[PDB]
Every structure is written in structure tokens, then in C-alpha cells.
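Down below is the structure, laid out as C-alpha cells.
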Amino acid sequence: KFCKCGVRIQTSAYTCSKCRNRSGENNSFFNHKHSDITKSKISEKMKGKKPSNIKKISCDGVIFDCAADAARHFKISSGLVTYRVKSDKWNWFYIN
DNA sequence: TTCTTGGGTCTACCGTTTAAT
DNA sequence: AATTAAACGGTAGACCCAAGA
Ligand SMILES: [Zn+2]
């Protein structure tokens with residue numbers, strides 16, 4: 001048996017692994033809902049994890065791994081951190 | 001039967017914007 | 001002006017599940 005792409009496949013298969021459609025409505029989990037139990041398992045494993053989009057920052061010399069840590073140290077909102085970084089009245093800048 | 005794939009369904013936390021003070 | 005909350009928009013990684021191998 002041959003896949004539409006040209007490679008051989010078992011007669012029990014509809015396509016080769018690479019050509020299988022899994023996007024949108026063709027996904028095996030499309031339109032399914034996760035149970036409250038699954039959501040909790042995901043919740044516990046994620047608690048305390050910082051994401052990859054964090055920005056190291058220097059607050060005029062005092063550095064932080066992310067803007068949120070700086071917000072928590074100064075006790076201000078994250079929005080204000082961004083505001084000071086853009087302000088000509090502060091020397092707060094992201095590293096890189 | 002098991003092991004592998006890989007993208008839809010989620011969570012926790014980020015950072016930037018903007019309405020409202 | 002300088003502030004905050006909430007609206008938006010993003011990442012990786014855990015989960016699920018059917019079908020390829
Ligand atoms: Zn193919």
C-alpha cells in the first residue's frame with residue numbers, strides 16, 4: 001500500500017505517520033473537555049513554574065529574574081514596572 | 001498489545017496596554 | 001503625573017486520544 005505522499009504503508013493504515021491530519025477537527029482530542037481532575041493535575045505540576053517569556057531586569061542596579069519579582073519587591077503593580085522602564089525619570093532597563 | 005506521535009485542551013505566570021483615577 | 005486592575009496576548013509542558021509502527 002502507498003500513502004498519498006508516495007511511501008509504502010501497511011494496508012491497515014490510511015496514510016504514513018507524517019501525512020496524518022491532526023489539525024483542527026481532525027485531532028483525536030478535538031472538541032473534548034478535560035475533567036476537573038485533569039485540570040487539577042495540570043494545576044499542581046505548574047504551580048511555582050516561571051514561564052520562558054520572563055525578562056531579567058535591572059532597577060538602577062538592583063537586579064531581578066523577572067519584572068514580576070521586581071514588582072513584588074518594590075510592592076507595585078507589574079504595569080508600573082513597564083511604566084518605569086519606559087520612563088526617562090528612572091534608570092530601569094531590561095537585560096538584553 | 002505496547003510504544004510513539006503530535007496537535008487540541010488546559011494551567012500558572014509573564015509583560016505590555018489602556019480605562020479610570 | 002503616576003498608579004492599579006483588567007484586558008490581552010504569549011511559552012512551555014502536562015494531559016488526552018486514535019492511529020501508525
Ligand atoms: Zn505520507
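In the C-alpha cells, chains take letters A, B, ... by order of appearance, with residues numbered from 1 within each chain and ligands from 1 in the order shown.
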
Report as a tab-separated table (two decimals) with C-alpha atoms, in the first residue's frame the set of chain A residues whose atoms approach chain C to within 7 Å, with distances computed over only C-alpha atoms (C1' of nucleotides).
chain	number	residue	atom	x	y	z
A	13	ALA	CA	-3.13	2.44	7.54
A	16	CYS	CA	2.01	7.44	6.59
A	17	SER	CA	2.60	8.91	10.03
A	28	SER	CA	-8.09	12.92	18.32
A	29	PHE	CA	-8.91	15.25	21.21
A	38	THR	CA	-7.16	16.54	34.88
A	42	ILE	CA	-2.04	20.16	35.50
A	51	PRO	CA	7.46	30.88	32.00
A	52	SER	CA	10.01	31.28	29.24
A	53	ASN	CA	8.90	34.82	28.42
A	77	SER	CA	1.97	46.58	40.04
A	80	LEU	CA	4.13	50.24	36.85

Please determine the contact residues of chain A with respect to chain B at a cut-off of 10 Å, counting only C-alpha atoms (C1' of nucleotides), and supply them as a ChimeraX atom specification. /A:17-18,20-34,38-55,66-68,78-79,81-83

Pick the closest to ligand 1 from A:96, A:15, A:10, A:87: which is it, counting only C-alpha atoms and all ligand atoms?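 Of all the options, A:15 lies closest to ligand 1.
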
As an exercise, work out the distance from atom CA of residue A:76 to atom CA of residue A:90 in Å and give it to one decimal place.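 Separating atom CA of residue A:76 from atom CA of residue A:90 is a distance of 14.6 Å.
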
Residue list (strand (DSSP E), DSSP) for chain A, as number ranges by chain: A: 57-59, 62-64, 92-94

Selected residues written out, C-alpha atoms, as a compact mmCIF listing (two decimals), in the first residue's frame:
# COMPACT_ATOMS: atom_id res chain seq x y z
CA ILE A 57 15.62 43.46 34.77
CA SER A 58 17.90 45.95 36.48
CA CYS A 59 16.21 48.50 38.73
CA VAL A 62 19.21 46.03 41.82
CA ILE A 63 18.55 43.06 39.60
CA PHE A 64 15.69 40.58 39.31
CA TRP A 92 15.22 50.70 34.99
CA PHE A 93 16.11 48.58 31.98
CA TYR A 94 15.75 45.03 30.77
